[PDB]
A.B. asks: 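Below is a structure I'd like to ask you about.
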Amino acid sequence: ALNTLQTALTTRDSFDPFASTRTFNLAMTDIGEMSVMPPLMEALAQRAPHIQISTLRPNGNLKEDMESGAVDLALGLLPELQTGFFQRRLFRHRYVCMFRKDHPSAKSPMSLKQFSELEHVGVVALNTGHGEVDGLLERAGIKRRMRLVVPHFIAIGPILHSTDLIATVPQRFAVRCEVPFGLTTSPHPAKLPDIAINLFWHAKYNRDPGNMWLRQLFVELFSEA
Amino acid sequence: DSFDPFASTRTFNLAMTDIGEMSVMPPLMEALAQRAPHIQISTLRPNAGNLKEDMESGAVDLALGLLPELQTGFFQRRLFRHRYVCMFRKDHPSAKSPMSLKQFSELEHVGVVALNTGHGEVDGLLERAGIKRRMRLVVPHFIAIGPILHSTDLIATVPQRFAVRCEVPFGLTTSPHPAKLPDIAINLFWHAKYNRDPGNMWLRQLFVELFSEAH
């Protein structure tokens, strides 16, 4: 409470995007990183040619590092960031089926029956919303032949390219993969709910001009709301 | 005892970095499609702690990498080396191959921390050699590198094994690296208790066949 007044009393640091040499530290998952970072850096080349960016995984501690200001912004599903945090809804993950373009049998739209006949690569994606996919399919009684399981998304494009495996992936991932790896997608035959992704900042930095500048750029580039 | 690949139902568990996963798993799964149609594979990162223990106990069958801590109780066999190259988009406005040290220190970089791996040594090495870099972006892992280089004028120092997987998909080209970054030897590792396990031996020989650069 006395903090809120002290944070308001301080003369806020000037932010000139053309001249700033500030480093912004951003927490996001490997999916957020492959999705946001290319167009973010593309925009920043034209908007703020001298700042530095670095990213990290949320899984820190994030809460404490955001209060100190060691981490500027966090993107994801971060249930623990509650008191002292502002948040804003950016976009949703929708899950699709992905497989190579000239797959011998896979169809779009894929049926639930075909989904169950084909072989899968699964992604564990521990402590993320993508991590709930396995449990969701299992609980629904949807059988999958789990031919390969990997912990993270990096190898999925090249794996699907070279095999007749299919994958359950967020559409934002699939979109970065379809052309580079000669892949197609189908809408997903199971009942997978969306994951709503938010951008988070600490209240200490709610009126920090640099922070405000960067988060508005995230809204501008990525907001679907 | 003995082992039948064409009818085995065994799950093998394999420890591997993200570079390892992205380079070995496509041709590995491709081979297995024919040779072992019924086995299961799962992978994990070495730094998802207690690898020694999980290898001793047979929870993890094989490890791939530079894993200096795997000594007594473990066998190892050299498969190949990492050579560092410079990578950037094919229609980059100014970047040339072979790239000079001058251009290297003038262009802007994306760096990969790759903590607790051989690749994690790059930053310190270049620094101690007094090679300057404008670190415009630092990311912890390699997943976003291809798309980042495609959409920017950034350049990256990456293992050639990564680069060769990214060049055509992302429209990138590579250059020999102007610095003197040492090559990194990549070994296959297995626990002594599993030296003569027939399933393990069979998978090890398949790694050798697909990946060894000996000849």
Side-chain angles (χ1 to χ4, degrees), chain A residues 21 23-45 48-57 119-122 124 126 145-165 173 175-177 179-183, chain B residues 11-33 36-45 48 108-111 113 115 134-154 162 165-172:
Chain A
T21 58
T23 301
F24 291 96
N25 300 285
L26 315 168
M28 56 185 77
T29 63
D30 63 16
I31 290 286
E33 202 168 273
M34 71 91 225
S35 173
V36 315
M37 292 316 293
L40 182 67
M41 300 309 298
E42 187 169 30
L44 292 174
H50 309 289
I51 65 174
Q52 297 181 260
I53 307 297
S54 59
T55 71
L56 64 162
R57 294 295 163 263
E119 289 187 296
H120 303 255
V121 49
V124 177
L126 184 73
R145 316 165 62 196
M146 299 307 298
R147 171 83 146 152
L148 172 59
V149 169
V150 298
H152 306 286
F153 284 94
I154 182 171
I156 294 303
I159 293 158
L160 298 184
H161 180 79
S162 303
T163 68
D164 294 340
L165 266 12
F173 180 75
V175 109
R176 289 258 181 288
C177 289
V179 167
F181 297 103
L183 273 18
Chain B
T11 298
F12 291 92
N13 268 91
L14 314 180
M16 206 177 286
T17 66
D18 56 344
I19 299 292
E21 201 163 276
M22 73 78 58
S23 64
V24 324
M25 294 312 306
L28 181 64
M29 296 314 296
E30 186 171 55
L32 296 172
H38 307 289
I39 66 168
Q40 296 180 268
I41 303 291
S42 90
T43 67
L44 51 328
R45 300 293 171 266
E108 296 188 294
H109 298 254
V110 49
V113 180
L115 182 62
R134 15 215 216 110
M135 305 309 309
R136 175 61 163 172
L137 172 64
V138 172
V139 293
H141 301 299
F142 290 90
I143 184 169
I145 296 294
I148 294 167
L149 300 177
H150 186 260
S151 294
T152 65
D153 291 341
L154 265 15
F162 179 76
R165 279 258 174 303
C166 288
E167 276 190 84
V168 170
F170 300 102
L172 315 174

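Proteins get letters first, then strands, A, B, ... in listed order; numbering begins at 1 in each.
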A.B. asks: For B/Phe170 and A/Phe181, take the angle between the two ring planes, folded into 0 to 90°, and tell me which bin it lands in: parallel under 30, tilted 30 to 60, perpendicular over 60.
C.D. replies: perpendicular
A.B. asks: Under 4.5 Å, counting heavy-atom pairs only, tell me which of A/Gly157, A/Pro158, A/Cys177 racks up the most with chain B.
C.D. replies: A/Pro158
A.B. asks: Please flag which part of A/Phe153 lies under 4.5 Å from any non-hydrogen atom of chain B: side chain, backbone, both or neither.
C.D. replies: both
A.B. asks: Heavy-atom pairs under 4.5 Å with chain B are the metric here; pick the option from A/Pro49, A/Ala155, A/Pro151 that has the most.
C.D. replies: A/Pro151
A.B. asks: Kindly write out the residues that satisfy side chain to side chain contact (heavy atoms under 4.5 Å, CB included) with B/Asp153, not counting sequence neighbours, or none if the list is empty.
C.D. replies: B/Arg89, B/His92, B/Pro93
A.B. asks: So what's closer than 4.5 Å to chain A heavy atoms on B/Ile39: side chain, backbone, both or neither?
C.D. replies: both
A.B. asks: Side-chain contact, heavy-atom cut-off 4.5 Å: A/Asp30 with B/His141?
C.D. replies: no
A.B. asks: Using residues 22-33 of chain B as the side-chain source, report each donor-acceptor pair under 3.5 Å to any protein atom, sequence neighbours left out, with the distance given to one decimal.
C.D. replies:
| from | atom 1 | to | atom 2 | distance (Å) |
| --- | --- | --- | --- | --- |
| B/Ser23 | OG | B/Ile19 | O | 3.0 |
| B/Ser23 | OG | B/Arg161 | NH1 | 2.9 |

